[PDB]
Amino acid sequence: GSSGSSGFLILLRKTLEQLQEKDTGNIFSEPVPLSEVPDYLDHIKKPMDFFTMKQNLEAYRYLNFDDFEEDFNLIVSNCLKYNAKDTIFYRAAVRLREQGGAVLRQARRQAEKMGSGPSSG
């Protein structure tokens, strides 16, 4: 075992929320239904969402920001790779990737400042 890494967990939980704030429509807040999209995966190799990422996070699956960030990226990618600008979910994902960036950029420094060494503070 190890001393334990909790602080990092909190930072993530707090960050994820910030991202949601941007999503006022809650288009990604929930996982896309297969009943309406039988070929969902057929185009998406790794389907990620705000709800899905949460579960993994609560399961201590994300130990390094990079990972916690990856999931999010997909949420937008799989959406921008499956749908087109014309659609809604598309324009909604673009905003998250743009604005959200600030959230992941502000929280990133924290996950690093935690350890007084490779990052000042």
# chains A, B, ... in the order shown; residues from 1 in each chain; ligands from 1

call {"tool": "select_by_dssp", "arguments": {"residues": "region 18-112 of chain A", "states": "helix (DSSP H, G or I)", "output": "PyMOL selection string"}}
result
chain A and resi 18-22+40-43+50-58+65-82+88-112

call {"tool": "residues_around", "arguments": {"residues": "region 31-38 of chain A", "least_positions_apart": "6", "cutoff": "10 Å", "atoms": "only C-alpha atoms", "output": "list in words"}}
result
residues 47, 48, 49, 50, 51, 52 and 75 of chain A

call {"tool": "write_last_selection", "arguments": {"atoms": "C-alpha atoms", "output": "short mmCIF file (atom, residue, chain, number, x, y, z; two decimals), in the first residue's frame"}}
result
data_model
loop_
_atom_site.label_atom_id
_atom_site.label_comp_id
_atom_site.auth_asym_id
_atom_site.auth_seq_id
_atom_site.Cartn_x
_atom_site.Cartn_y
_atom_site.Cartn_z
CA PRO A 47 -18.20 6.15 -25.39
CA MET A 48 -17.70 8.59 -22.51
CA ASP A 49 -20.10 10.95 -20.75
CA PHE A 50 -20.44 13.20 -17.70
CA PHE A 51 -22.35 10.45 -15.89
CA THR A 52 -20.00 7.66 -16.96
CA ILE A 75 -17.23 13.09 -24.44
#

call {"tool": "closest_residue", "arguments": {"among": "A:97, A:92, A:105, A:9", "to": "residue 26 (chain A)", "atoms": "only C-alpha atoms"}}
result
A:92

call {"tool": "closest_residue", "arguments": {"among": "A:114, A:76, A:107, A:84", "to": "residue 12 (chain A)", "atoms": "only C-alpha atoms"}}
result
A:107

call {"tool": "closest_residue", "arguments": {"among": "A:45, A:22, A:85, A:13", "to": "residue 101 (chain A)", "atoms": "only C-alpha atoms"}}
result
A:22

call {"tool": "closest_residue", "arguments": {"among": "A:80, A:102, A:63, A:88", "to": "residue 8 (chain A)", "atoms": "only C-alpha atoms"}}
result
A:63

call {"tool": "residues_around", "arguments": {"residues": "residue 121 (chain A)", "least_positions_apart": "2", "cutoff": "12 Å", "atoms": "only C-alpha atoms", "output": "VMD selection string"}}
result
chain A and resid 109 to 119

call {"tool": "closest_residue", "arguments": {"among": "A:73, A:83, A:55, A:78", "to": "residue 19 (chain A)", "atoms": "only C-alpha atoms"}}
result
A:73

call {"tool": "residues_around", "arguments": {"residues": "residue 23 (chain A)", "least_positions_apart": "3", "cutoff": "9 Å", "atoms": "only C-alpha atoms", "output": "ChimeraX atom specification"}}
result
/A:19-20,26-29,92-93,95-96

call {"tool": "closest_residue", "arguments": {"among": "A:77, A:82, A:21, A:61", "to": "residue 39 (chain A)", "atoms": "only C-alpha atoms"}}
result
A:82

call {"tool": "atom_distance", "arguments": {"atom1": "CA of residue 18 (chain A)", "atom2": "CA of residue 103 (chain A)"}}
result
6.6 Å
